[PDB]
């Protein structure tokens, strides 16, 4: 299947977010309420975005660290389809969020970061987690960290374990061929779409490139 495209709305206010969505809502598959938007506006951002775009998958990038059932329920009651749980959360946090996700016919992704282990990845699978987000951190990127070999190896191994893998972190169009040949579920682009001279054409470029590389 072609990798899907997710836009990250890492905006501090809803109106800033809408400057993007009014252009590209129908140019992407998934609309993410970025952590920065969740923190800027609260869970109303999920409710309002889903109300505008009820046919789209809406992902709340809550990066849940604890209180899995409470935070997940807040997001799902606001009509989220998918929610994120940070990988260092206690395993009961992920399990809790998943339990609530199932109630709402939604799903949970584990957001990968820090010194996570392959034993922990197996724990997520045994818990029934089917999605992981492989993130090059914005702050690592800013400190000069590049996408490379070790990332491809890890992503392939996560996929082989049965996860649908999302890839993100300052992706540019030129980065996509690094991942060719791997059944990536979703690529997220935030800055590379929102900050482009033409967000519509940036999103279209990503779609064209994906269609060529995975066609």
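Positions refer to the first chain, counted from 1.
- With 199-207 and 21-29 compared on mean CA B-factor from the PDB entry, the stretch scoring higher is 21-29.
- For the segment pair 146-154 and 163-171, the entry gives 146-154 the higher mean B-factor, averaged over Cα atoms.
- In the PDB entry, the Cα temperature factor peaks, among 71, 80, 108, 127, at 127.
- Sorting the modelled residues of the chain by their CA temperature factor places residue 85 in the middle third.
- Sorting the modelled residues of the chain by their CA temperature factor places residue 75 in the lowest third.
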